[PDB]
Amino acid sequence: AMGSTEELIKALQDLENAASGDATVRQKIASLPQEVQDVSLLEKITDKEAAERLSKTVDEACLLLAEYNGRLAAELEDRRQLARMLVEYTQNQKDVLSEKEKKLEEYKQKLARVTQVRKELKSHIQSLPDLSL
């Protein structure tokens, strides 16, 4: 049901497998030769044989980064949903808290009253005939 405790737990648990693939591809990008991102390095290629391999390297870095940016974008959208979920839920919990407090004060009233009948009954139990005699 929404937006209940189980909902929140499931959404909380899908943050675990939001890491996973993270730091590895993150290290592939973390590296990446400087030649694939600095255009000013291009003047140093004086060989078509070398220039064509930078071309292929560059191509696949382009694919790595595009895919990763897609995953990151999705994770951020998920985090915003999880945020709204948390906020709605803490907001509901404050209500539940207020009502439970009231219920408890109602049961303390009931306990007081029962306690009162108890005390006065101890008095009232004498003052009556023990008709066995």
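Just count from 1 along the sequence shown to find any residue number.
Colleague: Tell me which of 68 to 76 and 26 to 34 has the higher mean C-alpha B-factor in the deposited entry.
Modeller: Comparing averages over the C-alpha atoms only gives 26 to 34.
Colleague: For the chain shown, is the CA B-factor of residue 15 in the lowest, middle or highest third of its modelled residues?
Modeller: For residue 15, whose C-alpha B-factor we compare with every modelled residue in the chain, the answer is the highest third.
Colleague: Should residue 63 be placed in the lowest, middle or highest third of its chain by the C-alpha B factor in the entry?
Modeller: Residue 63: CA B-factor falls in the middle third of its chain.
Colleague: Using only modelled residues of the chain, where does the Cα B factor of residue 93 rank: lowest third, middle third or highest third?
Modeller: Ranked within chain, residue 93 CA B lands in the lowest tercile.
Colleague: Is residue 99 in the lowest, middle or highest third of its chain when residues are ranked by C-alpha B-factor?
Modeller: Middle third of the chain for residue 99's C-alpha B-factor.
Colleague: Ranked by Cα temperature factor within the chain, is residue 50 in the lowest third, the middle third or the highest third?
Modeller: It falls in the top third of the chain.
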